[PDB]
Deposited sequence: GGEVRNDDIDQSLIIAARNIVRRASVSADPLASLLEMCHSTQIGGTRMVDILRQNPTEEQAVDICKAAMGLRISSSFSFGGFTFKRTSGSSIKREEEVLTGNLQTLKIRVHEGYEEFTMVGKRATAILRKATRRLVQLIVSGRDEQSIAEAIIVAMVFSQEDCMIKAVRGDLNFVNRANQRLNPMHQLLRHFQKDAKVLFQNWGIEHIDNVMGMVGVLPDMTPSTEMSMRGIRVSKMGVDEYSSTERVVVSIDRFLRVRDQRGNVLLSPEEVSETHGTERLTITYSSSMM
């Protein structure tokens, strides 16, 4: 039933936002999920039996020890590893404003699939290197957003040095964002410099694959390095941890979800959401 899911998501998102601004968001979130009711039934009972995988929903599921999708969310996009592997190595890099950031750099060749509300992509990358990106979204803006995420996700030096400012982004709870999100929010405010310094190259026009330029204009002759455009599976469930501030981590310690990665809501629920604590 799609009506339950639509309302569950709407409820989950509101709960995570309202909990995130608490002193102990995890406690606050557990209180809200126990008493809030969707269409009569208690929410806890829905999470236990509902198959929906969503950022806010999987946060709530994780909060009560339920298995969730191994995939992780970054910049709104759901990354699933199709091939390859990497390992973590806390490096320290230098931005284009001489600000130092301690970043978890991933070493190894990986293949991914990015999925978003308004764009998808296949992303090949390796140690601080974007090999290939085949984005395919709704329109210009939705596709640019997907490329910005890919560039920041790649951890390439040109992207790091493309920073032109001091990164002091905070969240609803007025806490500093972790490095990778600091970079992301900066290049979402304006990706002008990022796209210039990324670099262009000559492309060999193949069907479907169309190139794109730093101004977001196509070309069958030249495109940006590794980035192509186009037009148009199973789920592994795994145990996950959650801490005070609703940061969900897999066993290997990588942040799968956080309040920072939940979308905004439309708030036209088909079922009855009574928010009790």
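Gaps in the coordinates relative to the deposited sequence fall at 1-5, 238-242, 288-290.
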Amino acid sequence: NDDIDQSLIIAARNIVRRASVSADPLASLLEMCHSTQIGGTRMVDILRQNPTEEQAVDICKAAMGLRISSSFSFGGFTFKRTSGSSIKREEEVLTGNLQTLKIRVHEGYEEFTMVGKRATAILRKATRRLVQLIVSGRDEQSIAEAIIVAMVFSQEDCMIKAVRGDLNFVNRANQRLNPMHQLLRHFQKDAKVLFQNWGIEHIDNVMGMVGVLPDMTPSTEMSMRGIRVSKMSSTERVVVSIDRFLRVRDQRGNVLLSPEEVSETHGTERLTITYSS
From here on, numbers count along this sequence of modelled residues.
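Relative to its counterpart among 247-255 and 216-224, 216-224 has the higher mean temperature factor, C-alpha atoms as listed in the PDB entry.
Taking only CA atoms, the mean B-factor in the PDB entry is higher for 200-208 than for the other of 181-189 and 200-208. Across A144, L101, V131, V152, the greatest Cα temperature factor reported in the deposited entry is at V131. Residues shown: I87, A173, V115, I148. Highest C-alpha temperature factor in the entry: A173. In the deposited entry, the Cα temperature factor of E54 sits in the bottom third of values across the chain's modelled residues. For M232, the recorded CA B-factor ranks within the highest third of the chain. Only modelled residues enter the ranking. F79: CA B factor lies in the lowest third for its chain, per the PDB record. For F72, the recorded CA B-factor ranks within the lowest third of the chain. Only modelled residues enter the ranking. Per-chain ranking of the deposited C-alpha B factor places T268 in the highest third.
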